[PDB]
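Taking the form deposited without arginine (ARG), here's one chain by itself in structure tokens.
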């Protein structure tokens, strides 16, 4: 399993290489245990080989409400969320217990290791003993949504509350809701890929199209993400997408983060220049030249709370010019580089910049530019529309700008 020095060659797995060299709570919408046991199983098995310890929470599918509403015991939603009855425990018990063991077997029959924990975790307060027991043997802990009081009586508990408590106690890296409808929908009703809570939670709540169902579905996901490190994330895909949505570039599911406060200012004195200076020296090979910060004339500075990512804009013959874009390695891990770049370009639809031709960020610049002139040491990029005449001239000035860092 020494699969870590083998991938220090490729593309995006270097960020899985700096967490594989440094786990995942899954809520399963029960409407999918009956559905695709084998595929949901293939997912959790794969999840382990890439060093995530699945801790799965499952309820009943419609298969349980229908077994109930056919025994003449309609549970209904109890005008709360769920789980109301007395005559129902035997059925709930056995419908959950069979489903639980079904999964433990499937995961194994898809290569992964597992552990049936039908009972003894949730109270009515978490006992993680059986969980850690499984984690300690590299086992997926499949947990049924069956709970008990202190004295031992069986009570049915709410998956949402069990998930919360479990996420609080474990501090998982990743939280995953597997649903049949894999992703939140935007305004058009398309698949809303990325939510940055603390840089778009305020808009989202006020937003008209955000019905009360998502309105508090998100207020909850926030409570989860708030109770975790910033490195954590809540994915929302579905079984047959899990792989692509956990670290890689595709994931046709939603990816909520907590994100951090963003500084956008035009006042150089409001910025910690030494923190920025360390950010640049750490992000690039070498440090800023002597007097660089002293001489700097800020147009806009975009700097995330933790000073691990920043874009400093200046003015070049009136054209917005990007003077500095610096992201620490383990903050590109949490999307900060992107949050900063995005906010910056929202500000500057027309933008000029340059990069040393052998800089590794160039692919990204090329991806992002609307035009580019290449030369032996330097490439100038732009976005926004403009005339051959204009750009020619501003591109000439950009190439003539004196270096802002020393060394190779």
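Numbering follows the first chain given and starts at 1.
Engineer: Might you work out how many residues are unmodelled in the deposited sequence between residue 11 and residue 12, and answer none, 1 to 3, 4 to 9, or 10 or more?
Structural biologist: Missing residues, residue 11 to residue 12: none.
Engineer: Quick check on the record: how many residues from the deposited sequence are absent from the model between residue 124 and residue 125 (none, 1 to 3, 4 to 9, 10 or more)?
Structural biologist: Unresolved stretch here: 10 or more residues.
Engineer: Could you check the entry and say whether 78 to 86 or 216 to 224 has the higher mean CA B-factor?
Structural biologist: The stretch with the larger mean CA B-factor is 78 to 86.
Engineer: Output the stretch having the higher mean C-alpha B factor in the entry; the candidates are 242 to 250 and 271 to 279.
Structural biologist: Mean B over CA atoms: larger for 242 to 250.
Engineer: For the C-alpha B-factor as written in the entry, point me to the maximum among 147, 333, 229, 287.
Structural biologist: Of the candidates given, the C-alpha B-factor peaks at 333.
Engineer: From 189, 291, 337, 172, can you pick the one with the highest C-alpha B factor in the entry?
Structural biologist: Reading the PDB entry, the winner on C-alpha B-factor is 189.
Engineer: Would you check the entry's CA temperature factor for residue 196 and let me know if it's in the chain's lowest, middle or highest third?
Structural biologist: Ranked within chain, residue 196 CA B lands in the middle tercile.
Engineer: Taking only the Cα B-factors deposited for this chain, tell me whether residue 94 sits in the lowest, middle or highest third.
Structural biologist: Middle third by C-alpha B-factor.
Engineer: Lowest, middle or highest third: where is residue 392 by C-alpha B factor in its chain?
Structural biologist: Its C-alpha B-factor, which the entry lists for residue 392, ranks in the middle third among residues of this chain.
Engineer: Which third of the chain does residue 26 land in by C-alpha B-factor: lowest, middle or highest?
Structural biologist: For residue 26, whose C-alpha B-factor we compare with every modelled residue in the chain, the answer is the lowest third.
Engineer: Looking at the entry's B-factor column for C-alpha atoms only, identify whether residue 368 ranks in the lowest, middle or highest third of its chain.
Structural biologist: It falls in the bottom third of the chain.
What comes next is about the form deposited with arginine (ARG) bound, which does not appear here.
Engineer: Should this chain be marked open or blocked when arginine (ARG), placed as in the entry with it bound by superposing the nearby C-alphas, has its atoms checked against backbone and C-beta atoms at 2.4 Å, with 3 or more hits meaning blocked?
Structural biologist: The site is blocked here, because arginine (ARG), transferred from its pose in the entry with it bound, has 3 or more atoms within 2.4 Å of backbone or C-beta atoms.
Engineer: Using a 4.5 Å heavy atom cut-off, which residue among 100, 233, 156, 313 comes into contact with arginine (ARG) in the entry with it bound?
Structural biologist: Spelling it out, the residue with a heavy atom inside the cut-off is 233.
Engineer: Please tell me which of 253, 147, 172, 239 lies within 4.5 Å of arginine (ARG) in the entry with it bound, judged by heavy atoms.
Structural biologist: By the 4.5 Å criterion, the partner-contacting residue is 253.
Engineer: Hey, in the entry with it bound, does residue 306 get a heavy atom within 4.5 angstroms of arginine (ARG)?
Structural biologist: The answer is no: residue 306 has no heavy atom within 4.5 Å of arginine (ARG).
Engineer: May I ask you to state whether residue 75 is within 4.5 Å of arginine (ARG) in the entry with it bound, using heavy atom distances?
Structural biologist: Residue 75 lies outside the contact set for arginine (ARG).
Engineer: Test of understanding: in the entry with it bound, would residue 246 fall inside 4.5 Å of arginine (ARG) by heavy atoms?
Structural biologist: Yes.
Engineer: Examine residue 118 and determine whether its closest non-hydrogen atom to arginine (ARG) in the entry with it bound is within 4.5 angstroms.
Structural biologist: Contact check for residue 118: no, nothing within 4.5 Å of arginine (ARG) in the entry with it bound.
Engineer: Just one of 268 to 276, 215 to 223, 253 to 261, 297 to 305 has heavy atoms within 4.5 Å of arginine (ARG) in the entry with it bound; which?
Structural biologist: Checking each option against the 4.5 Å cut-off leaves 253 to 261.
Engineer: Is any part of 34 to 55 within 4.5 angstroms of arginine (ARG) in the entry with it bound by a non-hydrogen atom, and which residues would that be?
Structural biologist: Read in sequence order, no residue approaches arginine (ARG) (within 4.5 Å, in the entry with it bound).
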